[PDB]
């Protein structure tokens, strides 16, 4: 079964993945679909890998989850040119998670759960 932190992270993940309806961020980027990806991007990340990590209870904190989320977005903005769908979508998703998981919103959540 599940734990409170897992339920919270699943919620954040679900809200974020809704902004990627075509699934560009859904599973690991292959070298076949992105030439040279593994050369340029040393630490790949995607929503599916993150979900698996939530299920395995690997995130000890929201900070650890936010780090992988930011990594996924940063990889897409690093490997792709600014005028691409991937870069623009990564920037939109990053802004959404930054707002959703802000320190201020997390403080308020903490206060409600005291």
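Residue numbers count along the first chain shown, from 1.
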* Of the two stretches 28-36 and 49-57, which shows the higher Cα B-factor on average in the entry? -> 28-36
* Asked: C-alpha B factor of residue 8, ranked within the chain: lowest, middle or highest third?
  -> lowest
* Among the modelled residues of its chain, does the C-alpha B-factor of residue 64 lie in the lowest, middle or highest third? -> middle
* Asked: If you rank the chain by CA B-factor, which third does residue 101 end up in: lowest, middle or highest?
  -> lowest
